[PDB]
Each structure stands twice: as structure tokens, then as C-alpha cells.
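Colleague: Structure in C-alpha cells, see below.
Ideal geometry is used to build each Cβ from the backbone, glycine not excepted, and the neighbour counts take in all protein chains shown. Just so it is clear, none of the values below were taken in a lab; they were calculated from the coordinates.
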Amino acid sequence: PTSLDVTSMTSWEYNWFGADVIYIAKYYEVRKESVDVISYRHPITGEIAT
Amino acid sequence: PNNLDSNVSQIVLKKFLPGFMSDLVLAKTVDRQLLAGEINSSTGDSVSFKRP
Amino acid sequence: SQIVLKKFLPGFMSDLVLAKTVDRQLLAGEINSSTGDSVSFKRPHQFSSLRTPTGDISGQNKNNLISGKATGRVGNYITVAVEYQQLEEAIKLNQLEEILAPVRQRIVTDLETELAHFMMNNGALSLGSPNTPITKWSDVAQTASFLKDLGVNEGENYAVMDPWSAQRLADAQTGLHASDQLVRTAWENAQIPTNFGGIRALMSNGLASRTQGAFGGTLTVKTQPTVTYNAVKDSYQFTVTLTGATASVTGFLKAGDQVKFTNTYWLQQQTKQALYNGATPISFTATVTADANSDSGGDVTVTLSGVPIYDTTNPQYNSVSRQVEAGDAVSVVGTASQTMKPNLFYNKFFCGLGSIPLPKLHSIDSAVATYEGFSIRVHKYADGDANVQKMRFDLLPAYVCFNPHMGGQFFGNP
């Protein structure tokens, strides 16, 4: 079933704007993660390539 | 014999043991849109809605 | 009669030497929200040896390990409060700042009187006859000599004397024969130098005064007290009962009197040997802590600071030649009920002094006033609608006594 996020902010115009409306949210995070860098060093057309 | 209990101290850690909890279901299930932002302590103590 | 100057007239104030000279290092920021209302410091350990001529004696009677403590705590509030019509006050007083100047003085003056009483009430060592004032150089040199003889080195010793008494030392200094700098300084400013006879001397007008308290009769000890290190390892205080006193006298012994045990002498705390004062050995003394009454039959029970430990199972902690036992002869210094201002001498690590920061009261306007390192919290409120505004000033002190055997009172001797 559908479970809407809280909407304490309220609207003067309210007929349910139809039967109903559901609010969903996008959540953005930033984290510092350890990753392995691989260096391919083929001499052809430039050597260093990480 | 040795009496060296004055060389130490009674230490109470700054840690809190977990407690008990309850469940919130009814407050989520009951309808809150109609009554939200409608009652004022200054305006009065009762509100009314119309029946079909 | 209407033109009134806005500049206040000068007033009176004493000086501060005790708060500056006492140790303000160990007891600082240690009575926090987690330690409680008191905290204890450790005590040094002492050992005693054995004298035997054999070596394969790996199993014998060894020493013992006993740990002591010295506990310091917080005192009562120093509060001054005024009630007044704020409108009538503000008629001619901008920002209510005329009140501020003679208030920080009362809070600062009172803490110093409290420190003096504690130092006088908890100090143990005594020197000279209380009646005689200080007139010569030996009266000051004796304190330094006694402190050196006890065996204290780490730190620095101090002495405080009344202003009239210093006039006398400067007068004596004007009589020197070869030190022209000293003679000129004493003739001009009547100022004695910093180090006087091996101890740093101080002159102060603000100093506490005490009354002797009526007594009479050849006092003596009734019951043998317990002065073992296990008993007195936490406070250096002990209780004793005395007989042969007056029938029924209220206030028999005031706080601060010195009771001297005749047959028990001090010991050099390291080598454990007696002390010789040139012509006679030095006897042991203790200081009355709380007021003691006298009941019918002449029996007085009292508590004294400073213990003559003569433990027989842990000899390494002895501080007296012999054990106080029943029938011993005791006396008290001074006369019946005279009043005097004692002169003090002490080591750095004798008594402490600390302050407890005070948080701001909710929804009540306040401020913090600093005065030579002492922070006073001022609060203002207007409870009641009768135009009665109230202002209060608060400061919270804390005291600790490290070792009673490194300080006390001294007077002049003829």
C-alpha cells in the first residue's frame, strides 16, 4: 500500500485535490569510500593511465 | 597486612543501559488532514464539520 | 544644598596577601560536575628498615603498605543582596555601576577573612608566648629555623605580620651599622626587604582576631587515645578527653587554642630524632578545631588537628617521641580570655583555595565581574510588581588542608 511522508505544512485549498495525493522524497548522501585504482602503463600513445 | 583501598577510586561510566519502548500505530493510521491547522485556543474550544 | 557632585568620595579597603600566597595550583577546575562536591589527593609513603647480620633470611617480617588521603571540599555561598526601588536608584545613577565598586570589595574581603580563620583553625605548629608582641629579629627568624628543622624544603615559606609590628622591625633595621642601602631604605620608606631572616615576610592590615576563652585548673588526660596510622591516616585529626577542669563553664575552649603536651616531643620526620631548641626540647602542640564546653566534674571532650602518631606495629609513620597515655600533663597557651590578632607562618603546600564557576539562571539577566582572578556572578530580577528590583552577587569557594604539620601561629618571645 501507499504511505505518504509527513506534510505538516498545510494548504488552504483542500478538496483532497482529487481523492488523494502521496508525497515521496529523494535522499542524497555523500560518503568517503576506499577504492582501488589500477594503473595501466602501456607505452603506446602515452604511458601513465590510472 | 596491606590496606591500600585508598589508592583507587569508584568510577561510574558515562554509559546508559538500553531501556524499554512502545509502538506508534494509531497516531499514524488516524486521519489528520481535516483537523490540522483549524483549531485556535484564542478563537474557541470547539470546531464543526458538515455531514453529507 | 541641591548641587551634588557626581563623583563619589573615597573610602576604605584592606589588602590581599593570603589568596595570592596560598597554593592555587592543585585545586583548580577539579571540582567539576562529575567529581561531586569533594575530591582527595594522595599521600607519600614511608618505610622502616631492619638490622640483622645474616643474609639467607629471605623469609622474615616485612613492611606494610598503607595509603592515605587528603580530602578537599566546597564551602558556603558568599552572597550579598540589596533590595531597593530601582527608579529611585536610577534617578541619579547611570547603569547602576556605583553599587559595583564597594561590593566586589565585600565579597573579596570576606573570602580572605574565611581563609585566615581556616589557616588559623587548622594550623598546628605554635611558637612564642601570645602576650609578647614582635620586637626583634629572632622573633621572625625562629619560624624559618623551626621550618628548616622539621625538614621541609620543597616549596617556599611565608610570614604575615600586622602593620604596627613592621614599624618596629624597620625601626630596628635603622639601627644597623654597615648596610647603607638598608639604612637608607628603612629611613625613607620604613620598608623591610623581601626575604627577612630566611623567610618571605609580609605586612597586612586585614587579618583575623580571636579570643582565648575562659579556662582554669591543672588539666591532664583521662583516657588513652588511639593515634595509630590506620585510625588517623585520612584526616590527621583525633579526639581526646581531659579531666581536672573547672566545674561548669560554657565556652571552655574556643576554636584556635593551642594545647601543649609536656612530655611528648617533635621528631625530625626523616631521621626520627628529637628536636632541641637551644636549651630545652620542643614539646608537641595541637589546635582546637570546634568549640568545647565543660560539664560537671571537670571533663572536657575535644577534637584536635595534628596527631602524635606512635604506632607500634607500623613504626615508619611515627611523628612523636612517646605515646600519649593516661596521667600525662598538658597545658594551654596564653591567658584566660584575652583577645589578640595572631601572626601567621606557613609553607606553600599547607592549605589550598579554589573557585567553582556558577552557571547562568534561566530567563534572568546576569553578568560576570572579574576582580584579581575571582569571578563574581551578578544576577538581577524584579519579583513582585511593587517596583522592588533585586540584585545579587555570588561566589563559591572550596578549601583543602594538605598537611597540618607545616604551618600554624607564632608570636614574640622574651
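Colleague: Out of all the residues in segment C:335-345, is one or more surrounded by 20 or more Cβ atoms within 10 Å (Cβ to Cβ) and not hydrophobic (A, V, I, L, M, F, W, C)?
Modeller: Yes, segment C:335-345 contains a residue that is surrounded by 20 or more Cβ atoms within 10 Å (Cβ to Cβ) and not hydrophobic (A, V, I, L, M, F, W, C).
Colleague: Among the residues of segment C:218-233, which ones are touching a residue at least 24 places away in the same chain (Cβ under 8 Å) and either in contact with a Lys or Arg (Cβ under 8 Å, 6 or more places away or on another chain) or within 14 Å of chain B (Cβ to nearest Cβ) (or both)?
Modeller: C:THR228, C:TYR229, C:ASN230, C:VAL232, C:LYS233, listed by residue number.
Colleague: Report yes if C:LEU207 is away from chain B (no Cβ under 14 Å), of a type in the set (A, V, I, L, M) and under 30 Å from B:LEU4 (Cα atoms), otherwise no.
Modeller: No, not satisfied.
Colleague: It is to be established whether one or more residues within segment C:64-82 are out of contact with any helix residue (DSSP H, G or I) (no Cβ under 7 Å at 6 or more places or on another chain) and over 30 Å from C:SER305 (Cα atoms).
Modeller: Checked against the condition, which is being out of contact with any helix residue (DSSP H, G or I) (no Cβ under 7 Å at 6 or more places or on another chain) and over 30 Å from C:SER305 (Cα atoms), segment C:64-82 yields at least one hit.
Colleague: Kindly evaluate C:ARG24 against the criterion of being surrounded by fewer than 16 Cβ atoms within 10 Å (Cβ to Cβ), among the basic types (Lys, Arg) and either without any contact (Cβ under 8 Å) to a residue 40 or more places away in the chain or under 28 Å from C:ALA231 (Cα atoms) (or both).
Modeller: No: the conditions fail for C:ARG24.
Colleague: Given the conditions (1) of a type in the set (A, V, I, L, M, F, W, C); (2) more than 14 Å from chain B (Cβ to nearest Cβ); (3) under 25 Å from the mean Cα position of the chain (by Cα), which single one is not true for C:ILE99?
Modeller: Condition (3) is where C:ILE99 drops out.
Colleague: Give segment B:3-13 a look and list any residue that's within 8 Å of another protein chain (Cβ to nearest Cβ) and exposed (fewer than 10 other Cβ atoms within 10 Å of the Cβ), or say none.
Modeller: The answer is B:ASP5, and nothing else.
Colleague: Does C:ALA279 satisfy being of a type in the set (A, V, I, L, M), over 23 Å from C:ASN343 (Cβ atoms), away from chain B (no Cβ under 14 Å) and surrounded by fewer than 16 Cβ atoms within 10 Å (Cβ to Cβ)?
Modeller: The answer is yes for C:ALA279.
Colleague: Given the criterion in contact (Cβ under 8 Å) with a residue 12 or more places away in the chain, farther than 21 Å from C:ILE282 by Cβ and surrounded by 12 or more Cβ atoms within 10 Å (Cβ to Cβ), identify the matching residue among C:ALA172, C:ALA141.
Modeller: So the residue among C:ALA172, C:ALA141 that is in contact (Cβ under 8 Å) with a residue 12 or more places away in the chain, farther than 21 Å from C:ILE282 by Cβ and surrounded by 12 or more Cβ atoms within 10 Å (Cβ to Cβ) is C:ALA172.
Colleague: Still on this structure, please answer the following. Which ranges mark the strands (runs of 3 or more DSSP E) fully within segment C:308-408 that have 1 or more residues being within 30 Å of C:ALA166 (Cα to Cα) and within 27 Å of the chain's Cα centre (by Cα)?
Modeller: Hits in segment C:308-408: C:330-332, C:343-346, C:366-371, C:374-381, C:397-399.
Colleague: Would you check if there is a residue in segment C:76-92 being more than 14 Å from chain B (Cβ to nearest Cβ), within 31 Å of the chain's Cα centre (by Cα), surrounded by 15 or more Cβ atoms within 10 Å (Cβ to Cβ) and farther than 27 Å from C:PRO44 by Cα?
Modeller: Looking through segment C:76-92, at least one residue is more than 14 Å from chain B (Cβ to nearest Cβ), within 31 Å of the chain's Cα centre (by Cα), surrounded by 15 or more Cβ atoms within 10 Å (Cβ to Cβ) and farther than 27 Å from C:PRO44 by Cα.
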